[PDB]
>>> print(open('target.cif').read())   # mmCIF, C-alpha atoms
data_entry
#
loop_
_atom_site.group_PDB
_atom_site.id
_atom_site.type_symbol
_atom_site.label_atom_id
_atom_site.label_comp_id
_atom_site.auth_asym_id
_atom_site.auth_seq_id
_atom_site.Cartn_x
_atom_site.Cartn_y
_atom_site.Cartn_z
ATOM 1 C CA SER A 1 0.000 0.000 0.000
ATOM 2 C CA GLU A 2 2.445 2.642 -1.228
ATOM 3 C CA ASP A 3 0.651 5.414 -3.118
ATOM 4 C CA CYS A 4 3.202 8.063 -4.086
ATOM 5 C CA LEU A 5 2.128 11.662 -4.701
ATOM 6 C CA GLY A 6 2.163 13.523 -8.004
ATOM 7 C CA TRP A 7 4.061 16.476 -9.449
ATOM 8 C CA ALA A 8 1.258 18.938 -8.707
ATOM 9 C CA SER A 9 1.122 17.924 -5.042
ATOM 10 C CA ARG A 10 2.367 19.427 -1.778
ATOM 11 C CA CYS A 11 5.275 18.054 0.252
ATOM 12 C CA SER A 12 8.051 19.002 2.675
ATOM 13 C CA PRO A 13 11.841 18.474 2.743
ATOM 14 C CA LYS A 14 11.518 16.594 6.033
ATOM 15 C CA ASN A 15 8.998 14.075 4.700
ATOM 16 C CA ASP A 16 9.098 13.867 0.904
ATOM 17 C CA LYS A 17 6.915 10.994 -0.302
ATOM 18 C CA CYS A 18 6.630 11.709 -4.027
ATOM 19 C CA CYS A 19 7.102 9.421 -7.029
ATOM 20 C CA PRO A 20 10.633 8.891 -8.409
ATOM 21 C CA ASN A 21 12.263 10.906 -11.194
ATOM 22 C CA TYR A 22 11.176 14.046 -9.341
ATOM 23 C CA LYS A 23 12.556 16.669 -6.957
ATOM 24 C CA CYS A 24 10.676 18.107 -3.980
ATOM 25 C CA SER A 25 10.819 21.908 -4.084
ATOM 26 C CA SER A 26 11.161 23.463 -0.630
ATOM 27 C CA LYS A 27 10.380 26.804 -2.269
ATOM 28 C CA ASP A 28 6.707 26.155 -3.016
ATOM 29 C CA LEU A 29 6.606 22.914 -1.027
ATOM 30 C CA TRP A 30 5.668 21.075 -4.222
ATOM 31 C CA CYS A 31 7.167 18.163 -6.154
ATOM 32 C CA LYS A 32 9.147 19.680 -9.026
ATOM 33 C CA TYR A 33 10.539 18.000 -12.142
ATOM 34 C CA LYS A 34 13.945 16.332 -11.862
ATOM 35 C CA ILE A 35 14.410 16.368 -15.637
ATOM 36 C CA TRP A 36 14.903 19.652 -17.489
#
>>> encode(input="target.cif", output="structure tokens")
Amino acid sequence: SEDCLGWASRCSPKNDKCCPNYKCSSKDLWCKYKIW
């Protein structure tokens, strides 16, 4: 039962539980894109 969050979701640097290939942004507390 591991449902990861999406890119347009909220998260924190202390507890980042977002799908892989991403990068939690502490700026807007949202999962940003790891690939540019």
>>> resolve_selection(input="target.cif", expression="the PyMOL selection byres ((chain A and resi 21) around 8)", output="MDAnalysis selection string")
chainID A and resid 19:20 22:23 33:35
>>> resolve_selection(input="target.cif", expression="the PyMOL selection byres ((chain A and resi 17) around 12)", output="ChimeraX atom specification")
/A:2-7,9-16,18-20,22-24,29-31
>>> axis_aligned_box(input="target.cif", around="range 19-26 of chain A", padding_each_side="8 Å", output="JSON")
{"center_x": 9.8, "center_y": 16.2, "center_z": -5.9, "size_x": 21.5, "size_y": 30.6, "size_z": 26.6}
>>> decode(input="target.cif", residues="chain A", atoms="C-alpha atoms", output="mmCIF file, in the first residue's frame")
data_model
loop_
_atom_site.group_PDB
_atom_site.id
_atom_site.type_symbol
_atom_site.label_atom_id
_atom_site.label_comp_id
_atom_site.auth_asym_id
_atom_site.auth_seq_id
_atom_site.Cartn_x
_atom_site.Cartn_y
_atom_site.Cartn_z
ATOM 1 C CA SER A 1 0.000 0.000 0.000
ATOM 2 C CA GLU A 2 2.445 2.642 -1.228
ATOM 3 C CA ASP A 3 0.651 5.414 -3.118
ATOM 4 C CA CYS A 4 3.202 8.063 -4.086
ATOM 5 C CA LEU A 5 2.128 11.662 -4.701
ATOM 6 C CA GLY A 6 2.163 13.523 -8.004
ATOM 7 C CA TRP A 7 4.061 16.476 -9.449
ATOM 8 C CA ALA A 8 1.258 18.938 -8.707
ATOM 9 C CA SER A 9 1.122 17.924 -5.042
ATOM 10 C CA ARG A 10 2.367 19.427 -1.778
ATOM 11 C CA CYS A 11 5.275 18.054 0.252
ATOM 12 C CA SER A 12 8.051 19.002 2.675
ATOM 13 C CA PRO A 13 11.841 18.474 2.743
ATOM 14 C CA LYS A 14 11.518 16.594 6.033
ATOM 15 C CA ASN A 15 8.998 14.075 4.700
ATOM 16 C CA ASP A 16 9.098 13.867 0.904
ATOM 17 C CA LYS A 17 6.915 10.994 -0.302
ATOM 18 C CA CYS A 18 6.630 11.709 -4.027
ATOM 19 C CA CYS A 19 7.102 9.421 -7.029
ATOM 20 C CA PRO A 20 10.633 8.891 -8.409
ATOM 21 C CA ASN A 21 12.263 10.906 -11.194
ATOM 22 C CA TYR A 22 11.176 14.046 -9.341
ATOM 23 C CA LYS A 23 12.556 16.669 -6.957
ATOM 24 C CA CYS A 24 10.676 18.107 -3.980
ATOM 25 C CA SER A 25 10.819 21.908 -4.084
ATOM 26 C CA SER A 26 11.161 23.463 -0.630
ATOM 27 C CA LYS A 27 10.380 26.804 -2.269
ATOM 28 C CA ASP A 28 6.707 26.155 -3.016
ATOM 29 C CA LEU A 29 6.606 22.914 -1.027
ATOM 30 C CA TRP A 30 5.668 21.075 -4.222
ATOM 31 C CA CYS A 31 7.167 18.163 -6.154
ATOM 32 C CA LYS A 32 9.147 19.680 -9.026
ATOM 33 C CA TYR A 33 10.539 18.000 -12.142
ATOM 34 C CA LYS A 34 13.945 16.332 -11.862
ATOM 35 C CA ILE A 35 14.410 16.368 -15.637
ATOM 36 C CA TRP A 36 14.903 19.652 -17.489
#
